[PDB]
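Reviewing the structure listed below.
Number of protein chains: 2
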Amino acid sequence: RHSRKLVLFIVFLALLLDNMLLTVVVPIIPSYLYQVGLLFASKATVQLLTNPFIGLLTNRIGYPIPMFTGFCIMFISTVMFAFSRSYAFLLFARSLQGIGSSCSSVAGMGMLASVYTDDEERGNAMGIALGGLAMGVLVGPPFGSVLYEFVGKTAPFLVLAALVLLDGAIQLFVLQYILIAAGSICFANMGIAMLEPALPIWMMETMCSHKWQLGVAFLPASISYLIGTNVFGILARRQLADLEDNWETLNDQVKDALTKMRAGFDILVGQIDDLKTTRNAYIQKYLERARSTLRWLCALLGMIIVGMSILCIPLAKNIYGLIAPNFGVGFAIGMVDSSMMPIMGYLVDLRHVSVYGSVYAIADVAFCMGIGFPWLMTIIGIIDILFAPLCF
Amino acid sequence: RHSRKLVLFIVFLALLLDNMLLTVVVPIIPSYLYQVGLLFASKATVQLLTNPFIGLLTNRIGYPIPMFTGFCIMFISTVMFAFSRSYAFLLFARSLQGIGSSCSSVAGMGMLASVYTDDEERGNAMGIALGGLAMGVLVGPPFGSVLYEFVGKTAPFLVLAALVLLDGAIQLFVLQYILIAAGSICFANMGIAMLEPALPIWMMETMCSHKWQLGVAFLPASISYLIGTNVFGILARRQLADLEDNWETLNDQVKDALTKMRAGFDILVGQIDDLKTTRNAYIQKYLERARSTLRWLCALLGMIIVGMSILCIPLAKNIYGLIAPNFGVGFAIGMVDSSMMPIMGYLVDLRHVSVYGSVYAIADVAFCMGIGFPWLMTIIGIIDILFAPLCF
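So the sequence lines, in the order shown, correspond to chains V and Z.
Residue numbers for the first sequence follow my numbering, so the first one is 1 and each next one is one higher.
Residue numbers for the second sequence follow my numbering, so the first one is 1001 and each next one is one higher.
Have a look at this one:
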């Protein structure tokens, strides 16, 4: 009823503000120019790295809590970006914006999916939310440019912060240790996208003159993704087989021997047996814990692999020296997906919209002139091109 | 069996060569430079305009016939583009490639969908075909550049023509007055994309300095699309009710029915009534014929509207003068879709992949440097951004 419409409005505004914050910086780029590529892609990289952790956190705790802290982070980071003047401060504010926007978007989409039960209504709500997400990137630049050129210099950022604050207030009123681990995760995700070397002294002449070297250096990520997509399946099959192999003995005067080898919840189960439903419940209750632990392990392993590869990239003097790191990165981005797809399905849509809007805006701003070459965003774009049309 | 695998291989190769032909020209652009945006986007514009007509033609006649003429057109136009040296000849060859590739791709995808009956197998085949379609754009530039800078000047075009010929031969051997209307349809689609004034004398300065003018000029196509999406539904609902009302009076005793009967095929049907199944069959078949005629009419009307708008575009003297033509174009592109989606569903996937690959390649080539602003491709991109994530 009224609550469903309120939730839909809140989620729509959250996604719209997310993409507006992503794209609004395009008309201001020449003014700063009087390095740019990394400053532009930092938010997208951070969000694309940190989405699955927020998904798992919302699965564990719940939906309403992450949205408020996401709104607060977005507000604080937007204000800091508005009032900052130094390159490092701008980059830090951009990364904070990325984390906050990712958390808010994922949690809001999850709650909106949870509220609607009927299939067709759920599809309509998803369509409206994704439409707002997609049209934010187009409404960004004109709104930003008109406010920038009529009134003030930092007006668009303050207006967006005010909108964020108003939406948070509407969510709060009208609607009716682990901490160190979360801090470490946030800091690692910031650090991965904050620092990136490129060796532009000889790399520029390399890509401009000959592109076949670029292709042979950058395509093996596609093979690595396919190789790494199977890890969760393999491990889950092994874990499922292991428990049933043990329980086969219990499956089989001998009953007293079975009770003896059983020998305190398991003891109580063995006593109350002397059935099939009990062992079914036992398997189900252990299986979920195994799944959750394995998902956490694979997410951490993927983050570690990406960090190690980005730390190992700069120590190369040839194009072929770039073959080894790429094979790493495309692996990790695969593995994480293998654990997240069965439970949540809108991560593909969010990543696709973000990447495609970023490419659209970059093409527009590049055409506008008449800036640096991002490394991880190229891999993300290649993977998206190859495997998002196939998935749909 | 062998037949299904052979069809899958043929369709995969056809789609791969389609996209490779689309993208391979990128590394050659700077060499030719030492005007170009239209030359790059002509093929995409022509294909996106001419897809639905080929879809209807294949629905009417059959799948095998269009593929062979598409292969022949692709071969001839690729050779002509290879051996040409003048701007007009290059543009004409590009448009011919566009028509041939569109026909081959649509017909092959249709036949591949037709062969597979099982749902999961059909999904797998569609996934493989779209994977080839999507990887063509990445395999294009490296292959083209390496062939260009190792051997010869026109080697990649000849190699692609040879591959086209080999695939056509495999299709022909191993596998076991409307004409003037089709000619006019082809010529009009060529002419729409061949000529575009775009008025670049002062549009660039008022587009780069201020972006809100660009937004207010280009966004209303999104509203026009939503308005025009309902045309087929409204017309079909009106048409069905008119036929139903006439027969409902006679639907209802027997004496009155005979009395009305007192006043060749229709006579035979009326005699054999003296039942319900005959009425059902009559209604279904006449409705089907009416729907087919209405689809043809709306496709022609959309083409006419687009042509009139592109002829009326150059007259405008101010930015606001571009508001009226856009409201036209976004209408037609909507209306055609309203008639094509219920029967065929891969048109959205084909258009999305083509547009997104084109934007990716344009961004790459623009980034590599260090002119030309397409008009209709911008509208297509806006519509795709806004309404493809929602549709998926």
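Cβ coordinates follow ideal geometry from the N, Cα and C atoms, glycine included.
So what's residue i in DSSP terms, helix, strand or just coil?
i, result
"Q1176 of chain Z", "coil"
"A1113 of chain Z", "helix"
"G1370 of chain Z", "coil"
"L275 of chain V", "coil"
"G1357 of chain Z", "helix"
"residue 1462 of chain Z", "Absent from the model: residue 1462 of chain Z. The displayed extent of chain Z is 1001 to 1392, so no value can be given."
"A1107 of chain Z", "helix"
"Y1177 of chain Z", "coil"
"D1274 of chain Z", "coil"
"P200 of chain V", "helix"
"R289 of chain V", "helix"
"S1086 of chain Z", "coil"
"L1165 of chain Z", "helix"
"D1364 of chain Z", "helix"
"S1145 of chain Z", "helix"
"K317 of chain V", "coil"
"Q1171 of chain Z", "helix"
"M1344 of chain Z", "coil"
"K255 of chain V", "helix"
"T154 of chain V", "coil"
"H210 of chain V", "coil"
With a threshold of 7 Å on Cβ separation, who are the neighbours of residue i within its own chain once the five nearest residues in sequence on each side are excluded?
i, result
"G1307 of chain Z", "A1188 and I1192"
"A1129 of chain Z", "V1011, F1012, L1015, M1109 and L1112"
"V139 of chain V", "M20"
"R295 of chain V", "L56 and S339"
"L235 of chain V", "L294"
"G131 of chain V", "none"
"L1147 of chain Z", "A1155, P1156 and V1159"
"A1290 of chain Z", "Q1239"
Can you name, in chain order, every residue of its own chain whose Cβ lies under 6 Å from the Cβ of residue i, other than the five neighbours on each side?
i, result
"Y225 of chain V", "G330, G334 and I383"
"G62 of chain V", "none"
"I313 of chain V", "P325"
"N230 of chain V", "none"
"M1080 of chain Z", "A1093"
Rank the options by C-alpha distance to the C-alpha of residue i and give the top, closest one.
i, options, result
"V26 of chain V", "V:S145, V:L294 and V:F232", "V:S145"
"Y1286 of chain Z", "Z:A1257, Z:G1321, Z:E1244 and Z:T1259", "Z:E1244"
"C186 of chain V", "V:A125, V:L138, V:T45 and V:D242", "V:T45"
"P1141 of chain Z", "Z:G1357, Z:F1392, Z:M1377 and Z:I1371", "Z:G1357"
"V115 of chain V", "V:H2, V:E149, V:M80 and V:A82", "V:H2"
"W247 of chain V", "V:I385, V:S338 and V:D266", "V:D266"
"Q35 of chain V", "V:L165, V:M194, V:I54 and V:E120", "V:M194"
"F392 of chain V", "Z:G1127, Z:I1313 and Z:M1074", "Z:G1127"
"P1374 of chain Z", "Z:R1060, Z:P1200, Z:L1022 and Z:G1100", "Z:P1200"
"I1223 of chain Z", "Z:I1323, Z:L1133, Z:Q1284 and Z:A1316", "Z:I1323"
"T1050 of chain Z", "Z:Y1320, Z:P1342, Z:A1299 and Z:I1385", "Z:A1299"
"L1163 of chain Z", "Z:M1074, Z:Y1360 and Z:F1387", "Z:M1074"
"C1208 of chain Z", "V:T249, V:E149, V:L175 and V:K5", "V:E149"
"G228 of chain V", "V:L158, V:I305, V:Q239 and V:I178", "V:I305"
"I371 of chain V", "V:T23, V:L8 and V:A41", "V:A41"
"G183 of chain V", "V:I99, V:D274 and V:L6", "V:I99"
"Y1346 of chain Z", "Z:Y1034, Z:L1033, Z:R1004 and Z:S1102", "Z:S1102"
"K43 of chain V", "V:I76, V:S95, V:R4 and V:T58", "V:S95"
"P1220 of chain Z", "Z:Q1253, Z:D1364, Z:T1378 and Z:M1344", "Z:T1378"
"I29 of chain V", "V:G381, V:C368 and V:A332", "V:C368"
Please list, in chain order, all residues of the same chain as residue i whose beta carbon is under 8 Å from its beta carbon, the five residues on each side excluded.
i, result
"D1167 of chain Z", "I1010, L1013, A1014, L1017 and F1071"
"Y1282 of chain Z", "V1269"
"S84 of chain V", "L90 and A93"
"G370 of chain V", "none"
"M1261 of chain Z", "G1270, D1273 and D1274"
Quick test of your reading: residue i and residue j, contact by CB under 8 Å. State the CB separation rounded to the nearest angstrom.
i, j, result
"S354 of chain V", "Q47 of chain V", "7 Å"
"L172 of chain V", "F327 of chain V", "Contact doesn't hold; Cβ gap of about 47 Å is too wide."
"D1349 of chain Z", "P389 of chain V", "6 Å"
"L1160 of chain Z", "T1078 of chain Z", "6 Å"
"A1107 of chain Z", "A366 of chain V", "Wrong, their Cβ atoms sit about 37 Å apart, outside the cutoff."
"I362 of chain V", "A1363 of chain Z", "6 Å"
"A125 of chain V", "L301 of chain V", "Contact flag wrong, Cβ pair sits at about 35 Å."
Are any of the Cβ atoms in chain C nearer than 8 Å to that of residue i?
i, result
"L130 of chain V", "You won't find chain C in this structure, because its protein chains are V and Z."
State yes or no: is the C-beta of residue i nearer than 7 Å to some heavy atom of the ligand FMN?
i, result
"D274 of chain V", "The ligand FMN is not among the ligands present in this structure, which contains no ligands whatsoever."
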